[PDB]
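To start, the structure under review is shown below, and the notes come after it.
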Amino acid sequence: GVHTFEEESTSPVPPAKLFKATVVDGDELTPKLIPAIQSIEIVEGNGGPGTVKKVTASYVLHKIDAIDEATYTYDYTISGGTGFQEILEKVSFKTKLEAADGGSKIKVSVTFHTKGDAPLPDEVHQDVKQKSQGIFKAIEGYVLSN
């Protein structure tokens, strides 16, 4: 089954700086800023679509679905590994920034793909949301501070 959520939010960080830190430099920044995340290793590709990353905390795999600096677009799918919930096939994120008042407007669309025709348990939704917002907010805070 397919379960989608959307969030729109804002940051004081302009989008090029925010995109650079969250997407371009994210692999290097995240292990440094989040104790629980040990490492992020590219196992396939060069950072374009198709790239696969192993995110160790147990671990999950992140696959780049789309990346565009010019439109501040980064779409990626989490699946697999020892850290991934058993009810989920994959979780696909679509993220886009746009300029707003010297900062950014942020749109995230998230699609949970469950096995079979299963609803999405609230606990799995919140786990994935908290981990992904946590990483984003940590990096954002870092950029604001430096």
Side-chain angles (χ1 to χ4, degrees), residues 2-31 33-43 45 47-53 55-85 87-100 102-104 106 108-114 120-146:
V2 293
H3 314 268
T4 67
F5 309 80
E6 273 194 10
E7 187 131 302
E8 300 199 26
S9 55
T10 67
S11 176
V13 181
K17 206 159 180 220
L18 191 48
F19 193 79
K20 185 165 167 295
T22 55
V23 179
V24 181
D25 294 328
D27 296 348
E28 291 166 79
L29 284 176
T30 300
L33 303 169
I34 303 287
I37 291 177
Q38 160 183 113
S39 47
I40 296 177
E41 160 178 19
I42 294 170
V43 297
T51 294
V52 182
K53 314 172 205 174
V55 178
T56 310
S58 77
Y59 64 82
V60 302
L61 303 175
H62 279 213
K63 180 146 159 288
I64 304 186
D65 299 309
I67 185 155
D68 195 50
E69 257 170 25
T71 54
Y72 307 114
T73 298
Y74 184 62
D75 302 345
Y76 69 94
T77 293
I78 302 170
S79 62
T82 47
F84 202 59
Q85 297 90 340
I87 194 60
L88 287 182
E89 298 172 338
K90 62 179 187 185
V91 187
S92 301
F93 290 76
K94 303 177 23 178
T95 82
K96 190 196 151 33
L97 318 180
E98 176 182 358
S104 303
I106 306 158
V108 178
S109 189
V110 191
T111 310
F112 296 79
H113 297 251
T114 58
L120 174 62
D122 295 301
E123 193 176 31
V124 174
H125 176 205
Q126 287 309 318
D127 206 330
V128 170
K129 171 190 196 170
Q130 289 181 75
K131 218 204 159 180
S132 63
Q133 288 200 13
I135 290 167
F136 186 96
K137 298 217 209 199
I139 293 174
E140 186 193 357
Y142 162 84
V143 174
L144 284 164
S145 297
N146 288 41

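Positions are given from 1, in the same order as the sequence printed here.
Side chain of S58 to backbone of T82: no donor-acceptor contact under 3.5 angstrom is found.
Atom OG of residue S104 and atom CG of residue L18 lie 5.0 Å apart, to the nearest 0.5 angstrom. Atom CD1 of residue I78 and atom CG of residue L61 lie 10.0 Å apart, to the nearest 0.5 angstrom. Here the straight-line distance linking atom CD1 of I67 with atom CZ of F19 works out to 5.0 Å at 0.5 Å rounding. One finds the CG atom of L120 at 9.5 Å from the CD atom of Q126 (value rounded to the nearest 0.5 Å). Here OG of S79 is found 9.5 Å from NE2 of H62. Values are rounded to the nearest 0.5 Å. With values rounded to the nearest 0.5 angstrom, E41 atom CD is found 11.0 Å from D27 atom CG.
When all heavy atoms of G26 and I40 are compared, the closest pair comes out as O-CD1, 4.4 Å. Heavy-atom minimum distance, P15 versus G103: CD-O, 3.6 Å. Pairing each heavy atom of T111 with each of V2, the nearest pair is CG2-CB, 4.2 Å. In terms of heavy atoms, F84 sits closest to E89 at CE2-O, 3.5 Å. Between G48 and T51, the shortest heavy-atom distance links the atoms O-OG1, 2.6 Å. The two residues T77 and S92 come nearest to each other via the heavy atoms OG1-OG, 3.0 Å.
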What donor-acceptor contacts under 3.5 angstrom involve side-chain atoms of residues 131-140, with partners at least two apart or in another chain?
from	atom 1	to	atom 2	distance (Å)
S132	OG	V128	O	3.1
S132	OG	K129	O	3.2
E140	OE2	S11	OG	2.5

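Looking only at side-chain heavy atoms (C-beta outward), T95 and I106 stay at 4.5 Å or farther from each other.
A search for side-chain hydrogen bond (donor to acceptor under 3.5 Å, both in side chains) contacts involving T4 returns nothing, not counting sequence neighbours. Residues satisfying the side-chain hydrogen bond (donor to acceptor under 3.5 Å, both in side chains) test with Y74, not counting sequence neighbours, are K53. Residues meeting the side-chain hydrogen bond (donor to acceptor under 3.5 Å, both in side chains) test with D127, sequence neighbours left out: none. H3 is linked by a ring pair (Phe, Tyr, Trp, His ring centres under 6.0 Å) to nothing, counting only residues two or more places apart in sequence or in another chain. Residues forming a salt bridge (charged side-chain N to carboxylate O under 4.0 Å, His left out) with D65 (at least two apart in sequence, or on another chain): none.
Sorted by first and then second residue, the salt bridge (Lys or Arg N to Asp or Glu O under 4.0 Å) pairs involving residues 70-83 (not counting sequence neighbours) form an empty list. Under the salt bridge (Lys or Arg N to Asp or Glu O under 4.0 Å) criterion, the residue pairs touching residues 12-23 are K20-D25, with sequence neighbours excluded.
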> Does the pair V24 and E69 meet the rule for a side-chain contact (heavy atoms from CB on, under 4.5 Å), with working shown?
Replying inline: CA-CA 9 Å; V24 181; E69 257 170 25; 3.5 Å; yes
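Relative orientation of the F5 and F112 rings is perpendicular, given thresholds of 30° and 60° on the angle between their planes.
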